[PDB]
Structure formats: C-alpha cells, structure tokens
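Asks: Next comes my_file_17.cif, mmCIF, N, CA, C and O atoms:
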```
data_start
loop_
_atom_site.group_PDB
_atom_site.id
_atom_site.type_symbol
_atom_site.label_atom_id
_atom_site.label_comp_id
_atom_site.auth_asym_id
_atom_site.auth_seq_id
_atom_site.Cartn_x
_atom_site.Cartn_y
_atom_site.Cartn_z
ATOM 1 N N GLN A 1 -3.983 25.734 -11.038
ATOM 2 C CA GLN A 1 -4.178 25.285 -9.665
ATOM 3 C C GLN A 1 -4.901 23.944 -9.629
ATOM 4 O O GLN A 1 -4.552 23.062 -8.836
ATOM 5 N N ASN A 2 -5.913 23.773 -10.482
ATOM 6 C CA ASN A 2 -6.584 22.481 -10.577
ATOM 7 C C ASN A 2 -5.618 21.400 -11.043
ATOM 8 O O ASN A 2 -5.639 20.274 -10.531
ATOM 9 N N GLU A 3 -4.763 21.724 -12.016
ATOM 10 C CA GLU A 3 -3.744 20.774 -12.448
ATOM 11 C C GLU A 3 -2.772 20.453 -11.321
ATOM 12 O O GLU A 3 -2.342 19.301 -11.184
ATOM 13 N N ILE A 4 -2.414 21.450 -10.509
ATOM 14 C CA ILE A 4 -1.543 21.198 -9.366
ATOM 15 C C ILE A 4 -2.199 20.214 -8.407
ATOM 16 O O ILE A 4 -1.548 19.294 -7.897
ATOM 17 N N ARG A 5 -3.497 20.390 -8.145
ATOM 18 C CA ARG A 5 -4.213 19.436 -7.305
ATOM 19 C C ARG A 5 -4.218 18.051 -7.938
ATOM 20 O O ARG A 5 -4.050 17.041 -7.244
ATOM 21 N N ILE A 6 -4.412 17.983 -9.257
ATOM 22 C CA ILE A 6 -4.337 16.702 -9.953
ATOM 23 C C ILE A 6 -2.940 16.113 -9.822
ATOM 24 O O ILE A 6 -2.774 14.904 -9.621
ATOM 25 N N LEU A 7 -1.911 16.957 -9.937
ATOM 26 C CA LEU A 7 -0.543 16.480 -9.762
ATOM 27 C C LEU A 7 -0.330 15.931 -8.358
ATOM 28 O O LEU A 7 0.334 14.903 -8.181
ATOM 29 N N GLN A 8 -0.883 16.603 -7.345
ATOM 30 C CA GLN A 8 -0.788 16.090 -5.983
ATOM 31 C C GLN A 8 -1.478 14.738 -5.862
ATOM 32 O O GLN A 8 -0.966 13.828 -5.198
ATOM 33 N N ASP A 9 -2.643 14.587 -6.496
ATOM 34 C CA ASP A 9 -3.315 13.292 -6.503
ATOM 35 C C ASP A 9 -2.464 12.241 -7.203
ATOM 36 O O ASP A 9 -2.384 11.093 -6.752
ATOM 37 N N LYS A 10 -1.820 12.616 -8.311
ATOM 38 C CA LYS A 10 -0.932 11.684 -8.999
ATOM 39 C C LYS A 10 0.231 11.276 -8.104
ATOM 40 O O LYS A 10 0.626 10.104 -8.085
ATOM 41 N N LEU A 11 0.794 12.229 -7.356
ATOM 42 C CA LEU A 11 1.865 11.895 -6.423
ATOM 43 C C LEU A 11 1.374 10.924 -5.357
ATOM 44 O O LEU A 11 2.086 9.981 -4.989
ATOM 45 N N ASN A 12 0.159 11.138 -4.847
ATOM 46 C CA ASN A 12 -0.414 10.198 -3.890
ATOM 47 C C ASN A 12 -0.587 8.821 -4.518
ATOM 48 O O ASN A 12 -0.319 7.798 -3.877
ATOM 49 N N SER A 13 -1.035 8.775 -5.775
ATOM 50 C CA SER A 13 -1.153 7.497 -6.469
ATOM 51 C C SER A 13 0.208 6.830 -6.619
ATOM 52 O O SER A 13 0.332 5.610 -6.456
ATOM 53 N N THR A 14 1.242 7.614 -6.931
ATOM 54 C CA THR A 14 2.586 7.056 -7.028
ATOM 55 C C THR A 14 3.036 6.483 -5.691
ATOM 56 O O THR A 14 3.653 5.412 -5.640
ATOM 57 N N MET A 15 2.737 7.182 -4.594
ATOM 58 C CA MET A 15 3.063 6.655 -3.273
ATOM 59 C C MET A 15 2.317 5.355 -3.007
ATOM 60 O O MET A 15 2.882 4.408 -2.447
ATOM 61 N N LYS A 16 1.043 5.290 -3.401
ATOM 62 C CA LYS A 16 0.287 4.051 -3.249
ATOM 63 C C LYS A 16 0.905 2.930 -4.074
ATOM 64 O O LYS A 16 0.988 1.784 -3.617
ATOM 65 N N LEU A 17 1.344 3.242 -5.296
ATOM 66 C CA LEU A 17 2.005 2.236 -6.120
ATOM 67 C C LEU A 17 3.289 1.746 -5.461
ATOM 68 O O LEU A 17 3.588 0.546 -5.487
ATOM 69 N N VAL A 18 4.060 2.659 -4.867
ATOM 70 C CA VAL A 18 5.271 2.257 -4.157
ATOM 71 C C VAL A 18 4.918 1.348 -2.988
ATOM 72 O O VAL A 18 5.583 0.332 -2.748
ATOM 73 N N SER A 19 3.868 1.696 -2.241
ATOM 74 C CA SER A 19 3.423 0.837 -1.150
ATOM 75 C C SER A 19 2.970 -0.520 -1.674
ATOM 76 O O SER A 19 3.244 -1.556 -1.058
ATOM 77 N N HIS A 20 2.274 -0.533 -2.813
ATOM 78 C CA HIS A 20 1.860 -1.800 -3.408
ATOM 79 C C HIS A 20 3.068 -2.645 -3.789
ATOM 80 O O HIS A 20 3.073 -3.864 -3.586
ATOM 81 N N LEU A 21 4.105 -2.014 -4.346
ATOM 82 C CA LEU A 21 5.322 -2.748 -4.675
ATOM 83 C C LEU A 21 5.965 -3.327 -3.422
ATOM 84 O O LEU A 21 6.435 -4.471 -3.427
ATOM 85 N N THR A 22 5.995 -2.552 -2.336
ATOM 86 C CA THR A 22 6.523 -3.067 -1.077
ATOM 87 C C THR A 22 5.686 -4.236 -0.573
ATOM 88 O O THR A 22 6.228 -5.232 -0.080
ATOM 89 N N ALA A 23 4.360 -4.133 -0.689
ATOM 90 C CA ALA A 23 3.497 -5.238 -0.286
ATOM 91 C C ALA A 23 3.765 -6.477 -1.130
ATOM 92 O O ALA A 23 3.792 -7.598 -0.610
ATOM 93 N N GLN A 24 3.966 -6.294 -2.438
ATOM 94 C CA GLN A 24 4.283 -7.428 -3.299
ATOM 95 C C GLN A 24 5.597 -8.077 -2.884
ATOM 96 O O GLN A 24 5.712 -9.308 -2.863
ATOM 97 N N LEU A 25 6.603 -7.264 -2.551
ATOM 98 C CA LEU A 25 7.867 -7.815 -2.074
ATOM 99 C C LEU A 25 7.671 -8.581 -0.772
ATOM 100 O O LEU A 25 8.252 -9.656 -0.582
ATOM 101 N N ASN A 26 6.856 -8.042 0.138
ATOM 102 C CA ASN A 26 6.569 -8.750 1.381
ATOM 103 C C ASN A 26 5.860 -10.069 1.107
ATOM 104 O O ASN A 26 6.159 -11.088 1.741
ATOM 105 N N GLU A 27 4.914 -10.071 0.165
ATOM 106 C CA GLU A 27 4.224 -11.308 -0.185
ATOM 107 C C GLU A 27 5.198 -12.336 -0.747
ATOM 108 O O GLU A 27 5.113 -13.526 -0.422
ATOM 109 N N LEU A 28 6.131 -11.895 -1.595
ATOM 110 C CA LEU A 28 7.132 -12.813 -2.128
ATOM 111 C C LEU A 28 7.997 -13.385 -1.013
ATOM 112 O O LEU A 28 8.311 -14.581 -1.011
ATOM 113 N N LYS A 29 8.393 -12.545 -0.054
ATOM 114 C CA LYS A 29 9.167 -13.036 1.081
ATOM 115 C C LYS A 29 8.362 -14.040 1.897
ATOM 116 O O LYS A 29 8.896 -15.065 2.337
ATOM 117 N N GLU A 30 7.074 -13.762 2.109
ATOM 118 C CA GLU A 30 6.227 -14.703 2.835
ATOM 119 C C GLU A 30 6.115 -16.026 2.089
ATOM 120 O O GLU A 30 6.160 -17.099 2.701
ATOM 121 N N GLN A 31 5.966 -15.969 0.763
ATOM 122 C CA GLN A 31 5.900 -17.197 -0.023
ATOM 123 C C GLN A 31 7.198 -17.986 0.088
ATOM 124 O O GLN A 31 7.177 -19.217 0.212
ATOM 125 N N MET A 32 8.340 -17.296 0.042
ATOM 126 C CA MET A 32 9.620 -17.980 0.194
ATOM 127 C C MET A 32 9.732 -18.630 1.567
ATOM 128 O O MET A 32 10.216 -19.761 1.690
ATOM 129 N N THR A 33 9.291 -17.928 2.614
ATOM 130 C CA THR A 33 9.320 -18.506 3.953
ATOM 131 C C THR A 33 8.423 -19.735 4.038
ATOM 132 O O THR A 33 8.793 -20.743 4.651
ATOM 133 N N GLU A 34 7.237 -19.670 3.428
ATOM 134 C CA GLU A 34 6.344 -20.823 3.431
ATOM 135 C C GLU A 34 6.973 -22.004 2.702
ATOM 136 O O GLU A 34 6.872 -23.150 3.157
ATOM 137 N N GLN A 35 7.625 -21.745 1.567
ATOM 138 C CA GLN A 35 8.289 -22.821 0.838
ATOM 139 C C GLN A 35 9.401 -23.443 1.672
ATOM 140 O O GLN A 35 9.553 -24.670 1.703
ATOM 141 N N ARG A 36 10.191 -22.612 2.355
ATOM 142 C CA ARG A 36 11.254 -23.139 3.205
ATOM 143 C C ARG A 36 10.682 -23.980 4.339
ATOM 144 O O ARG A 36 11.225 -25.041 4.670
ATOM 145 N N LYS A 37 9.586 -23.522 4.948
ATOM 146 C CA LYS A 37 8.968 -24.287 6.026
ATOM 147 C C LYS A 37 8.468 -25.636 5.525
ATOM 148 O O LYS A 37 8.622 -26.656 6.207
ATOM 149 N N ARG A 38 7.865 -25.661 4.334
ATOM 150 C CA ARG A 38 7.375 -26.921 3.784
ATOM 151 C C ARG A 38 8.519 -27.897 3.542
ATOM 152 O O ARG A 38 8.393 -29.095 3.822
ATOM 153 N N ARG A 39 9.640 -27.407 3.024
ATOM 154 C CA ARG A 39 10.796 -28.254 2.758
ATOM 155 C C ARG A 39 11.386 -28.787 4.060
ATOM 156 O O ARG A 39 10.877 -29.748 4.635
ATOM 157 N N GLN B 1 -23.420 16.798 -12.294
ATOM 158 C CA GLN B 1 -23.735 15.482 -11.750
ATOM 159 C C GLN B 1 -22.650 14.474 -12.104
ATOM 160 O O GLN B 1 -22.262 13.648 -11.269
ATOM 161 N N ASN B 2 -22.148 14.525 -13.340
ATOM 162 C CA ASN B 2 -21.036 13.659 -13.719
ATOM 163 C C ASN B 2 -19.800 13.966 -12.884
ATOM 164 O O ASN B 2 -19.089 13.052 -12.452
ATOM 165 N N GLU B 3 -19.528 15.252 -12.647
ATOM 166 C CA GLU B 3 -18.418 15.622 -11.776
ATOM 167 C C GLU B 3 -18.636 15.119 -10.355
ATOM 168 O O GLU B 3 -17.682 14.688 -9.698
ATOM 169 N N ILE B 4 -19.877 15.168 -9.865
ATOM 170 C CA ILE B 4 -20.170 14.636 -8.539
ATOM 171 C C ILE B 4 -19.854 13.148 -8.484
ATOM 172 O O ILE B 4 -19.273 12.658 -7.509
ATOM 173 N N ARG B 5 -20.232 12.404 -9.527
ATOM 174 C CA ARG B 5 -19.885 10.988 -9.584
ATOM 175 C C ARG B 5 -18.374 10.799 -9.611
ATOM 176 O O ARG B 5 -17.841 9.897 -8.954
ATOM 177 N N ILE B 6 -17.667 11.641 -10.368
ATOM 178 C CA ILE B 6 -16.208 11.584 -10.375
ATOM 179 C C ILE B 6 -15.662 11.893 -8.988
ATOM 180 O O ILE B 6 -14.715 11.250 -8.518
ATOM 181 N N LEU B 7 -16.248 12.884 -8.311
ATOM 182 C CA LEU B 7 -15.825 13.199 -6.951
ATOM 183 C C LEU B 7 -16.043 12.012 -6.022
ATOM 184 O O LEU B 7 -15.195 11.718 -5.171
ATOM 185 N N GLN B 8 -17.175 11.319 -6.167
ATOM 186 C CA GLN B 8 -17.413 10.122 -5.367
ATOM 187 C C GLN B 8 -16.357 9.061 -5.649
ATOM 188 O O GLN B 8 -15.869 8.399 -4.726
ATOM 189 N N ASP B 9 -15.992 8.885 -6.921
ATOM 190 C CA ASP B 9 -14.921 7.953 -7.257
ATOM 191 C C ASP B 9 -13.603 8.392 -6.634
ATOM 192 O O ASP B 9 -12.834 7.561 -6.137
ATOM 193 N N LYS B 10 -13.323 9.697 -6.653
ATOM 194 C CA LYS B 10 -12.111 10.201 -6.016
ATOM 195 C C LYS B 10 -12.123 9.921 -4.519
ATOM 196 O O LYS B 10 -11.093 9.550 -3.942
ATOM 197 N N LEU B 11 -13.278 10.094 -3.872
ATOM 198 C CA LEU B 11 -13.380 9.776 -2.452
ATOM 199 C C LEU B 11 -13.113 8.297 -2.205
ATOM 200 O O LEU B 11 -12.433 7.932 -1.238
ATOM 201 N N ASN B 12 -13.644 7.427 -3.068
ATOM 202 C CA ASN B 12 -13.355 6.002 -2.949
ATOM 203 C C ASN B 12 -11.866 5.733 -3.123
ATOM 204 O O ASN B 12 -11.286 4.913 -2.401
ATOM 205 N N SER B 13 -11.229 6.415 -4.078
ATOM 206 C CA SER B 13 -9.789 6.267 -4.253
ATOM 207 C C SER B 13 -9.037 6.730 -3.012
ATOM 208 O O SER B 13 -8.059 6.099 -2.596
ATOM 209 N N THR B 14 -9.480 7.835 -2.407
ATOM 210 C CA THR B 14 -8.851 8.302 -1.176
ATOM 211 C C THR B 14 -8.995 7.271 -0.065
ATOM 212 O O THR B 14 -8.052 7.033 0.700
ATOM 213 N N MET B 15 -10.171 6.647 0.042
ATOM 214 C CA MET B 15 -10.355 5.589 1.030
ATOM 215 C C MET B 15 -9.423 4.418 0.752
ATOM 216 O O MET B 15 -8.846 3.839 1.680
ATOM 217 N N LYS B 16 -9.263 4.052 -0.522
ATOM 218 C CA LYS B 16 -8.328 2.988 -0.872
ATOM 219 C C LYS B 16 -6.902 3.370 -0.497
ATOM 220 O O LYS B 16 -6.138 2.536 0.003
ATOM 221 N N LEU B 17 -6.524 4.629 -0.732
ATOM 222 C CA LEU B 17 -5.195 5.085 -0.341
ATOM 223 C C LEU B 17 -5.010 5.000 1.169
ATOM 224 O O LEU B 17 -3.942 4.601 1.648
ATOM 225 N N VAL B 18 -6.039 5.370 1.935
ATOM 226 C CA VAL B 18 -5.960 5.253 3.388
ATOM 227 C C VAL B 18 -5.790 3.795 3.791
ATOM 228 O O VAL B 18 -4.986 3.468 4.673
ATOM 229 N N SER B 19 -6.542 2.896 3.153
ATOM 230 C CA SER B 19 -6.383 1.472 3.431
ATOM 231 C C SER B 19 -4.984 0.998 3.059
ATOM 232 O O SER B 19 -4.380 0.193 3.778
ATOM 233 N N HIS B 20 -4.452 1.486 1.936
ATOM 234 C CA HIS B 20 -3.093 1.125 1.547
ATOM 235 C C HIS B 20 -2.084 1.601 2.584
ATOM 236 O O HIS B 20 -1.135 0.881 2.915
ATOM 237 N N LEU B 21 -2.272 2.814 3.109
ATOM 238 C CA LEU B 21 -1.384 3.308 4.155
ATOM 239 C C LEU B 21 -1.465 2.431 5.398
ATOM 240 O O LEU B 21 -0.442 2.129 6.023
ATOM 241 N N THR B 22 -2.676 2.012 5.772
ATOM 242 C CA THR B 22 -2.823 1.104 6.905
ATOM 243 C C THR B 22 -2.129 -0.224 6.632
ATOM 244 O O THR B 22 -1.479 -0.788 7.520
ATOM 245 N N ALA B 23 -2.258 -0.741 5.408
ATOM 246 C CA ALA B 23 -1.572 -1.978 5.054
ATOM 247 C C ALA B 23 -0.061 -1.808 5.139
ATOM 248 O O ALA B 23 0.647 -2.703 5.615
ATOM 249 N N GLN B 24 0.453 -0.664 4.680
ATOM 250 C CA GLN B 24 1.886 -0.409 4.780
ATOM 251 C C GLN B 24 2.334 -0.374 6.235
ATOM 252 O O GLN B 24 3.393 -0.911 6.581
ATOM 253 N N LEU B 25 1.540 0.256 7.104
ATOM 254 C CA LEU B 25 1.867 0.267 8.526
ATOM 255 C C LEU B 25 1.859 -1.145 9.098
ATOM 256 O O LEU B 25 2.733 -1.506 9.896
ATOM 257 N N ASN B 26 0.878 -1.959 8.702
ATOM 258 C CA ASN B 26 0.842 -3.345 9.156
ATOM 259 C C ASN B 26 2.064 -4.112 8.667
ATOM 260 O O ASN B 26 2.645 -4.910 9.412
ATOM 261 N N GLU B 27 2.469 -3.884 7.416
ATOM 262 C CA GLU B 27 3.660 -4.546 6.895
ATOM 263 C C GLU B 27 4.899 -4.138 7.681
ATOM 264 O O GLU B 27 5.756 -4.977 7.985
ATOM 265 N N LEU B 28 5.013 -2.852 8.020
ATOM 266 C CA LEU B 28 6.145 -2.401 8.823
ATOM 267 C C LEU B 28 6.142 -3.065 10.193
ATOM 268 O O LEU B 28 7.195 -3.475 10.697
ATOM 269 N N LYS B 29 4.966 -3.181 10.814
ATOM 270 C CA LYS B 29 4.876 -3.867 12.099
ATOM 271 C C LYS B 29 5.273 -5.332 11.964
ATOM 272 O O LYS B 29 5.975 -5.875 12.825
ATOM 273 N N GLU B 30 4.832 -5.988 10.888
ATOM 274 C CA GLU B 30 5.217 -7.378 10.665
ATOM 275 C C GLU B 30 6.723 -7.505 10.480
ATOM 276 O O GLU B 30 7.345 -8.437 11.005
ATOM 277 N N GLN B 31 7.329 -6.578 9.735
ATOM 278 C CA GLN B 31 8.776 -6.609 9.554
ATOM 279 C C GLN B 31 9.497 -6.425 10.883
ATOM 280 O O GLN B 31 10.493 -7.105 11.158
ATOM 281 N N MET B 32 9.010 -5.508 11.722
ATOM 282 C CA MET B 32 9.617 -5.314 13.034
ATOM 283 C C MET B 32 9.496 -6.573 13.884
ATOM 284 O O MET B 32 10.445 -6.957 14.578
ATOM 285 N N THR B 33 8.333 -7.227 13.844
ATOM 286 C CA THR B 33 8.161 -8.468 14.593
ATOM 287 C C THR B 33 9.110 -9.547 14.089
ATOM 288 O O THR B 33 9.698 -10.289 14.885
ATOM 289 N N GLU B 34 9.272 -9.651 12.768
ATOM 290 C CA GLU B 34 10.200 -10.633 12.215
ATOM 291 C C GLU B 34 11.629 -10.344 12.654
ATOM 292 O O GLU B 34 12.381 -11.265 12.995
ATOM 293 N N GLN B 35 12.023 -9.068 12.652
ATOM 294 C CA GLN B 35 13.366 -8.712 13.100
ATOM 295 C C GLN B 35 13.567 -9.071 14.566
ATOM 296 O O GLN B 35 14.621 -9.594 14.947
ATOM 297 N N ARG B 36 12.567 -8.796 15.407
ATOM 298 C CA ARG B 36 12.674 -9.145 16.819
ATOM 299 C C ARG B 36 12.790 -10.652 17.004
ATOM 300 O O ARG B 36 13.579 -11.126 17.829
ATOM 301 N N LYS B 37 12.009 -11.423 16.244
ATOM 302 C CA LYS B 37 12.083 -12.877 16.347
ATOM 303 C C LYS B 37 13.460 -13.387 15.944
ATOM 304 O O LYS B 37 14.009 -14.290 16.587
ATOM 305 N N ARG B 38 14.035 -12.821 14.880
ATOM 306 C CA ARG B 38 15.360 -13.249 14.444
ATOM 307 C C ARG B 38 16.408 -12.969 15.514
ATOM 308 O O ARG B 38 17.290 -13.799 15.763
ATOM 309 N N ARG B 39 16.328 -11.807 16.155
ATOM 310 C CA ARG B 39 17.278 -11.442 17.199
ATOM 311 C C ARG B 39 17.126 -12.355 18.411
ATOM 312 O O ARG B 39 17.628 -13.478 18.421
#
```
Reformat the file's structure so that it appears as structure tokens.

Replies:
Amino acid sequence: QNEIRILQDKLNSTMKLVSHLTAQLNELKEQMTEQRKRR
Amino acid sequence: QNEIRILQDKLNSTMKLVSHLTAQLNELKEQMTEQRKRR
C-alpha cells in the first residue's frame, strides 16, 4: 500500500513532467513569435 | 525526524505540483487568447 502511494506520487510527477514539456513547447513558440516580430 | 523532514520535502513537492498545475492552466488560457486573436 505504501508502494502504491509512492506509485501515485510518481504518476503525479510524470504529469508534472508532461506539463513541464508543454510549458517548454509554449516557451519555444513564444521565442519563435518574438524572433518573427523582430524580423 | 528524518521521515518528518522527508514529509516536509514531499509537501514542498506537492506545492510545486500545484504551482505547475496553475502554470498549465495559465498556458491553456494564453493558448485560448492566441486562438481568439488569430480568429
């Protein structure tokens, strides 16, 4: 049961990592938009 | 006591996860605003 709780925490961490990846993609899109605006 | 410190670290991680969820919601709102602007 303690391992199951740890597994649930790991799943939450995986969800956070997925959100971080989405944030990184958004940052890349923002950087591309800034570059286009500068040009 | 060491477990209590680990629990405190886990609570900090949970707070970070909550902040990450808020950031994801903000990113979704930004994406919706960008879509509305494009339309």

Asks: Hey, could you lay chain A over chain B with a least-squares C-alpha fit (all atoms, paired in order) and save it as a compact mmCIF listing (two decimals) with N, CA, C and O atoms, in the coordinates of the input?

Replies:
```txt
# COMPACT_ATOMS: atom_id res chain seq x y z
N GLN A 1 -23.42 16.80 -12.30
CA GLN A 1 -23.74 15.48 -11.75
C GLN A 1 -22.65 14.47 -12.11
O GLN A 1 -22.26 13.65 -11.27
N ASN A 2 -22.15 14.52 -13.34
CA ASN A 2 -21.04 13.66 -13.72
C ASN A 2 -19.80 13.97 -12.89
O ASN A 2 -19.09 13.05 -12.46
N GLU A 3 -19.53 15.25 -12.65
CA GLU A 3 -18.42 15.62 -11.78
C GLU A 3 -18.64 15.12 -10.36
O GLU A 3 -17.68 14.69 -9.70
N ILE A 4 -19.88 15.17 -9.87
CA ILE A 4 -20.17 14.64 -8.54
C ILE A 4 -19.85 13.15 -8.49
O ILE A 4 -19.27 12.66 -7.51
N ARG A 5 -20.23 12.40 -9.53
CA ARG A 5 -19.88 10.99 -9.58
C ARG A 5 -18.37 10.80 -9.61
O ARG A 5 -17.84 9.90 -8.95
N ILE A 6 -17.67 11.64 -10.37
CA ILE A 6 -16.21 11.59 -10.38
C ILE A 6 -15.66 11.90 -8.99
O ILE A 6 -14.71 11.26 -8.52
N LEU A 7 -16.26 12.88 -8.31
CA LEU A 7 -15.83 13.20 -6.95
C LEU A 7 -16.05 12.02 -6.02
O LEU A 7 -15.20 11.73 -5.16
N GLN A 8 -17.18 11.32 -6.16
CA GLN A 8 -17.41 10.12 -5.36
C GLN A 8 -16.36 9.06 -5.65
O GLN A 8 -15.87 8.40 -4.72
N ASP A 9 -15.99 8.88 -6.92
CA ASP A 9 -14.92 7.95 -7.26
C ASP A 9 -13.60 8.39 -6.64
O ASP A 9 -12.84 7.56 -6.14
N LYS A 10 -13.32 9.70 -6.65
CA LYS A 10 -12.11 10.20 -6.02
C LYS A 10 -12.12 9.92 -4.52
O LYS A 10 -11.09 9.55 -3.95
N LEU A 11 -13.28 10.09 -3.87
CA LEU A 11 -13.38 9.78 -2.45
C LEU A 11 -13.11 8.30 -2.21
O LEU A 11 -12.43 7.93 -1.24
N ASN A 12 -13.64 7.43 -3.07
CA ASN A 12 -13.36 6.00 -2.95
C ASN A 12 -11.87 5.73 -3.12
O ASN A 12 -11.29 4.91 -2.40
N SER A 13 -11.23 6.41 -4.08
CA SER A 13 -9.79 6.27 -4.25
C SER A 13 -9.04 6.73 -3.01
O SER A 13 -8.06 6.10 -2.59
N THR A 14 -9.48 7.83 -2.41
CA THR A 14 -8.85 8.30 -1.18
C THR A 14 -9.00 7.27 -0.06
O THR A 14 -8.05 7.03 0.70
N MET A 15 -10.17 6.65 0.04
CA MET A 15 -10.36 5.59 1.03
C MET A 15 -9.42 4.42 0.75
O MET A 15 -8.85 3.84 1.68
N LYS A 16 -9.26 4.05 -0.52
CA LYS A 16 -8.33 2.99 -0.87
C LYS A 16 -6.90 3.37 -0.49
O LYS A 16 -6.14 2.54 0.01
N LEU A 17 -6.53 4.63 -0.73
CA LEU A 17 -5.20 5.09 -0.34
C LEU A 17 -5.01 5.00 1.17
O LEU A 17 -3.94 4.60 1.65
N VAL A 18 -6.04 5.37 1.94
CA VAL A 18 -5.96 5.25 3.39
C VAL A 18 -5.79 3.80 3.79
O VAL A 18 -4.98 3.47 4.67
N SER A 19 -6.54 2.90 3.15
CA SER A 19 -6.38 1.47 3.43
C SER A 19 -4.98 1.00 3.06
O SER A 19 -4.38 0.19 3.78
N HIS A 20 -4.45 1.49 1.93
CA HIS A 20 -3.09 1.13 1.55
C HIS A 20 -2.08 1.60 2.58
O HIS A 20 -1.13 0.88 2.91
N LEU A 21 -2.27 2.82 3.11
CA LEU A 21 -1.38 3.31 4.16
C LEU A 21 -1.46 2.43 5.40
O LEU A 21 -0.44 2.13 6.02
N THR A 22 -2.68 2.01 5.77
CA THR A 22 -2.82 1.11 6.90
C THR A 22 -2.13 -0.22 6.63
O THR A 22 -1.48 -0.79 7.52
N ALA A 23 -2.26 -0.74 5.41
CA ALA A 23 -1.57 -1.98 5.05
C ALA A 23 -0.06 -1.81 5.14
O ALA A 23 0.65 -2.70 5.61
N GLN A 24 0.45 -0.66 4.68
CA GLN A 24 1.88 -0.41 4.78
C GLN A 24 2.33 -0.37 6.24
O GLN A 24 3.39 -0.91 6.58
N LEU A 25 1.54 0.26 7.11
CA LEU A 25 1.87 0.27 8.53
C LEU A 25 1.86 -1.15 9.10
O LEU A 25 2.73 -1.51 9.90
N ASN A 26 0.88 -1.96 8.70
CA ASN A 26 0.84 -3.35 9.16
C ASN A 26 2.07 -4.11 8.67
O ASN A 26 2.65 -4.91 9.41
N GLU A 27 2.47 -3.88 7.42
CA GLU A 27 3.66 -4.55 6.90
C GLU A 27 4.90 -4.14 7.68
O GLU A 27 5.76 -4.98 7.99
N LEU A 28 5.01 -2.85 8.02
CA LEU A 28 6.15 -2.40 8.82
C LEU A 28 6.14 -3.06 10.19
O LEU A 28 7.20 -3.47 10.70
N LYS A 29 4.97 -3.18 10.81
CA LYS A 29 4.88 -3.87 12.10
C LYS A 29 5.28 -5.33 11.97
O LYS A 29 5.98 -5.87 12.83
N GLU A 30 4.83 -5.99 10.89
CA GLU A 30 5.22 -7.38 10.67
C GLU A 30 6.72 -7.51 10.48
O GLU A 30 7.35 -8.44 11.01
N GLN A 31 7.33 -6.58 9.74
CA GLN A 31 8.78 -6.61 9.56
C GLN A 31 9.50 -6.43 10.88
O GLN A 31 10.50 -7.10 11.16
N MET A 32 9.01 -5.51 11.72
CA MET A 32 9.62 -5.31 13.04
C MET A 32 9.50 -6.57 13.88
O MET A 32 10.45 -6.96 14.58
N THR A 33 8.33 -7.23 13.85
CA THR A 33 8.16 -8.47 14.59
C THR A 33 9.11 -9.55 14.09
O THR A 33 9.70 -10.29 14.88
N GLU A 34 9.28 -9.65 12.77
CA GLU A 34 10.20 -10.63 12.21
C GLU A 34 11.63 -10.34 12.65
O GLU A 34 12.38 -11.26 12.99
N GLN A 35 12.03 -9.07 12.65
CA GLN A 35 13.37 -8.71 13.10
C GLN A 35 13.57 -9.07 14.57
O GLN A 35 14.62 -9.60 14.95
N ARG A 36 12.57 -8.80 15.41
CA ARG A 36 12.67 -9.15 16.82
C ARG A 36 12.79 -10.66 17.00
O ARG A 36 13.58 -11.13 17.83
N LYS A 37 12.01 -11.42 16.24
CA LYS A 37 12.08 -12.88 16.34
C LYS A 37 13.46 -13.39 15.94
O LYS A 37 14.00 -14.29 16.58
N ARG A 38 14.03 -12.82 14.88
CA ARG A 38 15.36 -13.25 14.44
C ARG A 38 16.40 -12.97 15.51
O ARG A 38 17.29 -13.80 15.76
N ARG A 39 16.32 -11.81 16.15
CA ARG A 39 17.27 -11.45 17.20
C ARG A 39 17.12 -12.36 18.41
O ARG A 39 17.62 -13.49 18.41
```

Asks: Around segment 26-34 of chain A, with edges along x, y and z and 4 Å added on all six sides, what centre and edge lengths do you get, in Å to one decimal, as AutoDock Vina command-line options?

Replies:
```
--center_x 7.2 --center_y -15.6 --center_z 1.3 --size_x 14.0 --size_y 23.1 --size_z 14.8
```

Asks: Please provide the set of residues having any atom within 8 Å of segment 10-23 of chain B, restricted to only N, CA, C and O atoms, with same-chain residues fewer than 2 positions apart removed, written as an MDAnalysis selection string.

Replies: (chainID A and resid 12:13 15:16 19:20 23) or (chainID B and resid 3:8 25:30)

Asks: For atom CA of residue 32 of chain B and atom CA of residue 32 of chain A, determine how far apart the two atoms are, in Å to one decimal place.

Replies: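 Taking atom CA of residue 32 of chain B and atom CA of residue 32 of chain A, their separation equals 18.0 Å.
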
Asks: Could you tell me how far atom C of residue 34 of chain B sits from atom N of residue 34 of chain A, in Å to one decimal place?

Replies: 13.8 Å

Asks: Report, in Å with one decimal, the straight-line distance from atom N of residue 39 of chain B to atom O of residue 38 of chain A.

Replies: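 Computing the Euclidean distance for atom N of residue 39 of chain B and atom O of residue 38 of chain A yields 22.7 Å.
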